[PDB]
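**Q** Please see the structure below; I have some questions.
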Amino acid sequence: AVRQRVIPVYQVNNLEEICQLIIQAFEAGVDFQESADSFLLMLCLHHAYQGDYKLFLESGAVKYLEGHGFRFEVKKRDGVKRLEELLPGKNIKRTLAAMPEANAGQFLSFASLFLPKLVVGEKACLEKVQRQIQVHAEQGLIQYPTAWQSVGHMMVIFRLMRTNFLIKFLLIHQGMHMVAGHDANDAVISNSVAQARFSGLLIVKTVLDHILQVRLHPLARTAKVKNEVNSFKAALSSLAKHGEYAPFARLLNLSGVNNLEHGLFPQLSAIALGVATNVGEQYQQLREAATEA
């Protein structure tokens with residue numbers, strides 16, 4: 001973890017125009033490889049920071065990433081009219097060269113719809129997106145282009161979200177840190193991020209909600225389940241290190257999250273099921289209940 005992930009930050013006077021090209025390319029499923037991060041960042045820069053590079057670079061998003069394995073490199077690029085001109089191989093330039101209804105905010109809010117069920121699989125995730133689109137449409141909150149509501153387009157964005165850390169991180173951060181009087185796209189993003197809390201971490205949510213009482217639920221005090229309580233406590237201690245991102249650890253593939261796999265805790269899960277029918281703070285609460293047992 002000594003070596004950093006380096007992300008070029010392309011500074012253009014063209015940003016809205018370049019974002020339209022970026023959106024067009026992602027829709028066509030262009031495989032940007034190592035450059036995808038840089039182009040997704042530019043969308044976030046335009047939408048969340050009103051194109052203000054200085055404020056983006058001193059933002060809490062960037063401060064966190066710089067402290068956790070990333071380095072950002074500003075490259076000033078005057079006179080760019082085509083994405084090809086920002087590419088730092090062979091076939092991507094051809095694809096972009098062949099390039100002949102929305103905006104960056106819309107692209108990002110649509111992408112955020114994939115967060116709540118991303119880790120559950122394509123079928124479940126796409127069904128969730130379709131239902132959410134109809135909810136937002138009925139509340140009059142947002143409407144997406146005709147082209148984006150095909151199963152085919154959703155499969156493209158699903159794969160983009162599944163594989164790209166930075167866009168998930170920036171959406172999640174945005175969802176927790178909006179500027180006053182936020183717009184419809186930000187409302188959708190913040191809603192998506194709220195829905196995504198503890199996605200892929202069912203055992204954490206349910207243990208903290210149903211087994212925590214503070215003491216452990218009486219069924220979680222037996223010596224038979226003591227191995228599971230100890231294992232959970234250790235795993236939760238490590239999760240708490242991720243601070244406000246802990247509920248999203250499975251979404252963001254953060255360290256130590258494999259230790260919280262559901263299957264690793266059958267006895268606690270069974271207890272939680274019987275009952276039902278920040279993270280740093282709750283770890284301290286769990287520490288307290290455990291010690292008492």
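By order of appearance in the structure tokens: chains A, B, ..., then residues from 1 within every chain, and ligands from 1 in the order shown.
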Run DSSP on the backbone of this structure and report the residues of stretch 1-248 of chain A it assigns to strand (DSSP E), as a PyMOL selection string.

**A** chain A and resi 5-11+70-76

**Q** Write the residues you've just listed into a file as a tab-separated table (two decimals), in the first residue's frame, and include N, CA, C and O atoms for each of them.

**A**
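So out.tsv came out as:
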chain	number	residue	atom	x	y	z
A	5	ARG	N	-2.00	5.09	-6.18
A	5	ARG	CA	-2.75	5.14	-7.43
A	5	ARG	C	-2.75	6.59	-7.94
A	5	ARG	O	-3.28	7.48	-7.27
A	6	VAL	N	-2.15	6.85	-9.09
A	6	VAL	CA	-2.05	8.22	-9.60
A	6	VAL	C	-3.16	8.56	-10.58
A	6	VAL	O	-3.33	7.87	-11.59
A	7	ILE	N	-3.90	9.63	-10.31
A	7	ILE	CA	-5.03	10.01	-11.15
A	7	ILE	C	-4.80	11.38	-11.75
A	7	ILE	O	-4.77	12.37	-11.03
A	8	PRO	N	-4.65	11.45	-13.08
A	8	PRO	CA	-4.54	12.75	-13.76
A	8	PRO	C	-5.84	13.55	-13.62
A	8	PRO	O	-6.94	13.01	-13.78
A	9	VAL	N	-5.70	14.82	-13.31
A	9	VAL	CA	-6.83	15.73	-13.25
A	9	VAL	C	-6.68	16.68	-14.42
A	9	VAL	O	-5.84	17.58	-14.38
A	10	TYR	N	-7.47	16.49	-15.48
A	10	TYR	CA	-7.29	17.32	-16.68
A	10	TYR	C	-8.01	18.67	-16.58
A	10	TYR	O	-9.24	18.74	-16.46
A	11	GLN	N	-7.24	19.74	-16.63
A	11	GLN	CA	-7.81	21.08	-16.50
A	11	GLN	C	-8.05	21.70	-17.88
A	11	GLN	O	-7.11	21.99	-18.61
A	70	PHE	N	-4.16	7.38	-2.84
A	70	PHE	CA	-4.26	8.08	-4.13
A	70	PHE	C	-3.41	9.35	-4.19
A	70	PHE	O	-3.18	10.02	-3.19
A	71	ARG	N	-2.97	9.68	-5.40
A	71	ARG	CA	-2.30	10.95	-5.69
A	71	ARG	C	-2.94	11.54	-6.94
A	71	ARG	O	-3.15	10.84	-7.93
A	72	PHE	N	-3.25	12.83	-6.88
A	72	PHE	CA	-3.88	13.53	-7.99
A	72	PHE	C	-2.88	14.45	-8.64
A	72	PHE	O	-2.11	15.12	-7.96
A	73	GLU	N	-2.86	14.45	-9.97
A	73	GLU	CA	-1.88	15.24	-10.72
A	73	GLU	C	-2.59	16.15	-11.71
A	73	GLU	O	-3.13	15.68	-12.71
A	74	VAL	N	-2.56	17.45	-11.45
A	74	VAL	CA	-3.18	18.40	-12.37
A	74	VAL	C	-2.35	18.54	-13.63
A	74	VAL	O	-1.12	18.71	-13.58
A	75	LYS	N	-3.02	18.42	-14.77
A	75	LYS	CA	-2.40	18.64	-16.07
A	75	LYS	C	-3.27	19.63	-16.83
A	75	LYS	O	-4.43	19.33	-17.15
A	76	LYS	N	-2.74	20.82	-17.07
A	76	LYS	CA	-3.47	21.85	-17.79
A	76	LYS	C	-3.40	21.58	-19.28
A	76	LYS	O	-2.31	21.47	-19.85

**Q** Select, from A:112, A:149, A:285, A:4, the residue with the minimum atom-to-atom distance to residue A:187, counting only C-alpha atoms.

**A**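 Comparing A:112, A:149, A:285, A:4 against residue A:187, the winner is A:112.
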
**Q** Any chance you could tabulate, as a tab-separated table, the residues of stretch 195-258 of chain A at most 10 Å from stretch 273-282 of chain A with each one's nearest atom pair and distance in Å to one decimal, using only C-alpha atoms, in chain and rising number order?

**A**
residue	atom	partner	partner_atom	distance
A:204	CA	A:279	CA	9.4
A:205	CA	A:279	CA	9.9
A:206	CA	A:273	CA	8.4
A:207	CA	A:273	CA	9.7
A:208	CA	A:282	CA	7.2
A:209	CA	A:276	CA	9.0
A:210	CA	A:275	CA	6.2
A:211	CA	A:275	CA	7.8
A:212	CA	A:282	CA	9.0
A:217	CA	A:275	CA	9.1
A:236	CA	A:279	CA	8.0
A:237	CA	A:280	CA	7.6
A:238	CA	A:280	CA	9.5
A:239	CA	A:279	CA	7.7
A:240	CA	A:280	CA	4.6
A:241	CA	A:280	CA	7.4
A:242	CA	A:280	CA	8.8
A:243	CA	A:280	CA	6.7
A:244	CA	A:278	CA	6.9
A:245	CA	A:279	CA	9.2
A:246	CA	A:279	CA	6.7
A:247	CA	A:279	CA	7.5

**Q** May I have a table of the residues of stretch 146-184 of chain A lying at most 9 Å from stretch 125-138 of chain A, giving each one's closest pair of atoms and their distance in Å to one decimal, counting only C-alpha atoms, ordered by chain and ascending residue number, as CSV?

**A**
residue,atom,partner,partner_atom,distance
A:149,CA,A:130,CA,7.8
A:151,CA,A:126,CA,7.7
A:154,CA,A:126,CA,6.7
A:155,CA,A:126,CA,7.6
A:158,CA,A:126,CA,7.8

**Q** Which polymer residues have any atom within 8 Å of an atom of stretch 19-36 of chain A, counting only C-alpha atoms, with same-chain residues fewer than 2 positions away left out, as an MDAnalysis selection string?

**A** chainID A and resid 15:17 38:40 42:43 46 82:83 87:88 92 95:96 99 102:104 107 153 156:157

**Q** Let's have the selection written as a PDB file, in the first residue's frame, with C-alpha atoms.

**A**
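This went into again_7.pdb:
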ATOM      1  CA  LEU A  15     -15.427  21.203 -19.134  1.00  0.00           C
ATOM      2  CA  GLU A  16     -19.159  21.073 -19.894  1.00  0.00           C
ATOM      3  CA  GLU A  17     -18.424  20.313 -23.553  1.00  0.00           C
ATOM      4  CA  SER A  38      -9.755  10.624 -14.944  1.00  0.00           C
ATOM      5  CA  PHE A  39     -12.860  11.016 -17.087  1.00  0.00           C
ATOM      6  CA  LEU A  40     -15.288  10.004 -14.348  1.00  0.00           C
ATOM      7  CA  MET A  42     -14.227  15.283 -14.602  1.00  0.00           C
ATOM      8  CA  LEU A  43     -17.984  14.501 -14.473  1.00  0.00           C
ATOM      9  CA  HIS A  46     -18.412  19.531 -13.188  1.00  0.00           C
ATOM     10  CA  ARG A  82     -11.959  15.725 -28.613  1.00  0.00           C
ATOM     11  CA  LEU A  83     -11.477  13.044 -25.962  1.00  0.00           C
ATOM     12  CA  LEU A  87      -5.712  10.082 -23.918  1.00  0.00           C
ATOM     13  CA  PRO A  88      -2.235   9.460 -22.408  1.00  0.00           C
ATOM     14  CA  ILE A  92      -9.497   3.243 -27.906  1.00  0.00           C
ATOM     15  CA  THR A  95     -13.252   4.035 -31.274  1.00  0.00           C
ATOM     16  CA  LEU A  96     -13.314   7.609 -30.034  1.00  0.00           C
ATOM     17  CA  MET A  99     -17.751   9.094 -32.394  1.00  0.00           C
ATOM     18  CA  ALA A 102     -28.379  14.599 -20.861  1.00  0.00           C
ATOM     19  CA  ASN A 103     -25.844  16.190 -18.514  1.00  0.00           C
ATOM     20  CA  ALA A 104     -23.172  15.145 -15.984  1.00  0.00           C
ATOM     21  CA  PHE A 107     -25.324  10.672 -15.599  1.00  0.00           C
ATOM     22  CA  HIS A 153     -28.109   0.599 -21.287  1.00  0.00           C
ATOM     23  CA  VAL A 156     -23.594  -1.002 -19.476  1.00  0.00           C
ATOM     24  CA  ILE A 157     -23.818   1.269 -16.425  1.00  0.00           C
TER      25      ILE A 157
END

**Q** Within 9 Å of residue A:289, counting only C-alpha atoms, which residues qualify if same-chain residues fewer than 2 places away don't, as number ranges by chain?

**A** A: 212-216, 284-287, 291-293

**Q** In Å, with one decimal, what is the gap from atom CA of residue A:175 to atom CA of residue A:189?

**A**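 Between atom CA of residue A:175 and atom CA of residue A:189 the gap works out to 5.6 Å.
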
**Q** Calculate how many Å separate atom CA of residue A:228 from atom CA of residue A:119, rounding to one decimal.

**A**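 Separating atom CA of residue A:228 from atom CA of residue A:119 is a distance of 24.0 Å.
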
**Q** In Å, with one decimal, what is the gap from atom CA of residue A:271 to atom CA of residue A:199?

**A** 20.2 Å

**Q** Enumerate as a PDB file with N, CA, C and O atoms, in the first residue's frame all residues of stretch 256-289 of chain A assigned to alpha helix (DSSP H) by DSSP on the backbone, naming them with the chain letters and numbers the document uses.

**A**
ATOM      1  N   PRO A 266     -23.381 -18.188  11.178  1.00  0.00           N
ATOM      2  CA  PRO A 266     -24.722 -18.785  11.099  1.00  0.00           C
ATOM      3  C   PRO A 266     -25.526 -18.683  12.396  1.00  0.00           C
ATOM      4  O   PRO A 266     -26.738 -18.471  12.351  1.00  0.00           O
ATOM      5  N   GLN A 267     -24.864 -18.840  13.535  1.00  0.00           N
ATOM      6  CA  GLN A 267     -25.571 -18.840  14.808  1.00  0.00           C
ATOM      7  C   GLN A 267     -26.103 -17.452  15.153  1.00  0.00           C
ATOM      8  O   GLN A 267     -27.227 -17.322  15.635  1.00  0.00           O
ATOM      9  N   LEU A 268     -25.317 -16.412  14.881  1.00  0.00           N
ATOM     10  CA  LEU A 268     -25.780 -15.054  15.124  1.00  0.00           C
ATOM     11  C   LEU A 268     -26.913 -14.703  14.169  1.00  0.00           C
ATOM     12  O   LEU A 268     -27.880 -14.041  14.544  1.00  0.00           O
ATOM     13  N   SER A 269     -26.788 -15.155  12.930  1.00  0.00           N
ATOM     14  CA  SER A 269     -27.805 -14.863  11.932  1.00  0.00           C
ATOM     15  C   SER A 269     -29.135 -15.494  12.334  1.00  0.00           C
ATOM     16  O   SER A 269     -30.190 -14.884  12.174  1.00  0.00           O
ATOM     17  N   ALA A 270     -29.074 -16.705  12.875  1.00  0.00           N
ATOM     18  CA  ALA A 270     -30.293 -17.412  13.280  1.00  0.00           C
ATOM     19  C   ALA A 270     -30.979 -16.688  14.435  1.00  0.00           C
ATOM     20  O   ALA A 270     -32.201 -16.535  14.451  1.00  0.00           O
ATOM     21  N   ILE A 271     -30.183 -16.232  15.397  1.00  0.00           N
ATOM     22  CA  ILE A 271     -30.702 -15.463  16.516  1.00  0.00           C
ATOM     23  C   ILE A 271     -31.352 -14.170  16.036  1.00  0.00           C
ATOM     24  O   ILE A 271     -32.455 -13.825  16.466  1.00  0.00           O
ATOM     25  N   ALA A 272     -30.662 -13.462  15.142  1.00  0.00           N
ATOM     26  CA  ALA A 272     -31.155 -12.189  14.632  1.00  0.00           C
ATOM     27  C   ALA A 272     -32.472 -12.386  13.901  1.00  0.00           C
ATOM     28  O   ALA A 272     -33.361 -11.540  13.971  1.00  0.00           O
ATOM     29  N   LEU A 273     -32.583 -13.499  13.182  1.00  0.00           N
ATOM     30  CA  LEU A 273     -33.807 -13.809  12.443  1.00  0.00           C
ATOM     31  C   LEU A 273     -34.972 -13.997  13.414  1.00  0.00           C
ATOM     32  O   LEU A 273     -36.056 -13.457  13.207  1.00  0.00           O
ATOM     33  N   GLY A 274     -34.728 -14.767  14.469  1.00  0.00           N
ATOM     34  CA  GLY A 274     -35.716 -14.989  15.509  1.00  0.00           C
ATOM     35  C   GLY A 274     -36.201 -13.688  16.119  1.00  0.00           C
ATOM     36  O   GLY A 274     -37.399 -13.495  16.323  1.00  0.00           O
ATOM     37  N   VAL A 275     -35.266 -12.787  16.403  1.00  0.00           N
ATOM     38  CA  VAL A 275     -35.613 -11.499  16.994  1.00  0.00           C
ATOM     39  C   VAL A 275     -36.443 -10.654  16.035  1.00  0.00           C
ATOM     40  O   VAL A 275     -37.483 -10.116  16.414  1.00  0.00           O
ATOM     41  N   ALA A 276     -35.992 -10.571  14.784  1.00  0.00           N
ATOM     42  CA  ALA A 276     -36.569  -9.663  13.803  1.00  0.00           C
ATOM     43  C   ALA A 276     -37.982 -10.047  13.366  1.00  0.00           C
ATOM     44  O   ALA A 276     -38.665  -9.250  12.720  1.00  0.00           O
ATOM     45  N   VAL A 279     -20.336   3.531  12.980  1.00  0.00           N
ATOM     46  CA  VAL A 279     -19.873   2.172  13.252  1.00  0.00           C
ATOM     47  C   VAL A 279     -18.886   2.119  14.418  1.00  0.00           C
ATOM     48  O   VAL A 279     -18.936   1.195  15.233  1.00  0.00           O
ATOM     49  N   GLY A 280     -18.003   3.113  14.495  1.00  0.00           N
ATOM     50  CA  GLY A 280     -17.037   3.204  15.578  1.00  0.00           C
ATOM     51  C   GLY A 280     -17.701   3.188  16.944  1.00  0.00           C
ATOM     52  O   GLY A 280     -17.245   2.506  17.861  1.00  0.00           O
ATOM     53  N   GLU A 281     -18.799   3.929  17.065  1.00  0.00           N
ATOM     54  CA  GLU A 281     -19.566   3.988  18.303  1.00  0.00           C
ATOM     55  C   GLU A 281     -20.163   2.630  18.657  1.00  0.00           C
ATOM     56  O   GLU A 281     -20.110   2.190  19.805  1.00  0.00           O
ATOM     57  N   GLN A 282     -20.728   1.958  17.661  1.00  0.00           N
ATOM     58  CA  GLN A 282     -21.382   0.679  17.906  1.00  0.00           C
ATOM     59  C   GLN A 282     -20.376  -0.425  18.214  1.00  0.00           C
ATOM     60  O   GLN A 282     -20.697  -1.370  18.938  1.00  0.00           O
ATOM     61  N   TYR A 283     -19.159  -0.306  17.684  1.00  0.00           N
ATOM     62  CA  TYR A 283     -18.106  -1.247  18.053  1.00  0.00           C
ATOM     63  C   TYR A 283     -17.817  -1.146  19.543  1.00  0.00           C
ATOM     64  O   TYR A 283     -17.628  -2.158  20.228  1.00  0.00           O
ATOM     65  N   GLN A 284     -17.777   0.085  20.039  1.00  0.00           N
ATOM     66  CA  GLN A 284     -17.512   0.325  21.448  1.00  0.00           C
ATOM     67  C   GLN A 284     -18.653  -0.252  22.285  1.00  0.00           C
ATOM     68  O   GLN A 284     -18.424  -0.798  23.362  1.00  0.00           O
ATOM     69  N   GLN A 285     -19.877  -0.142  21.772  1.00  0.00           N
ATOM     70  CA  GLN A 285     -21.043  -0.740  22.425  1.00  0.00           C
ATOM     71  C   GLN A 285     -20.967  -2.266  22.431  1.00  0.00           C
ATOM     72  O   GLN A 285     -21.283  -2.907  23.434  1.00  0.00           O
ATOM     73  N   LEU A 286     -20.561  -2.843  21.305  1.00  0.00           N
ATOM     74  CA  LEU A 286     -20.385  -4.286  21.208  1.00  0.00           C
ATOM     75  C   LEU A 286     -19.276  -4.774  22.143  1.00  0.00           C
ATOM     76  O   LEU A 286     -19.429  -5.796  22.813  1.00  0.00           O
ATOM     77  N   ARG A 287     -18.166  -4.035  22.177  1.00  0.00           N
ATOM     78  CA  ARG A 287     -17.054  -4.290  23.098  1.00  0.00           C
ATOM     79  C   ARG A 287     -17.543  -4.401  24.534  1.00  0.00           C
ATOM     80  O   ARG A 287     -17.070  -5.231  25.316  1.00  0.00           O
ATOM     81  N   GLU A 288     -18.492  -3.533  24.863  1.00  0.00           N
ATOM     82  CA  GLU A 288     -19.048  -3.424  26.200  1.00  0.00           C
ATOM     83  C   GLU A 288     -19.942  -4.614  26.546  1.00  0.00           C
ATOM     84  O   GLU A 288     -19.815  -5.215  27.613  1.00  0.00           O
ATOM     85  N   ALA A 289     -20.847  -4.947  25.629  1.00  0.00           N
ATOM     86  CA  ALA A 289     -21.751  -6.077  25.803  1.00  0.00           C
ATOM     87  C   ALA A 289     -20.995  -7.403  25.856  1.00  0.00           C
ATOM     88  O   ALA A 289     -21.308  -8.271  26.671  1.00  0.00           O
TER      89      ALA A 289
END

**Q** Considering only C-alpha atoms, can you say which of A:115, A:108, A:2, A:235 comes closest to residue A:258?

**A**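 Counting only C-alpha atoms, the residue closest to residue A:258 is A:235.
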
**Q** Taking only C-alpha atoms into account, which of A:171, A:1, A:41, A:161 comes nearest residue A:18?

**A**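 Under the stated criterion, the closest residue is A:41.
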
**Q** Using only C-alpha atoms, which residues sit within 9 Å of residue A:264 once same-chain residues fewer than 5 positions away are excluded, as a ChimeraX atom specification?

**A** /A:228,231-232,259
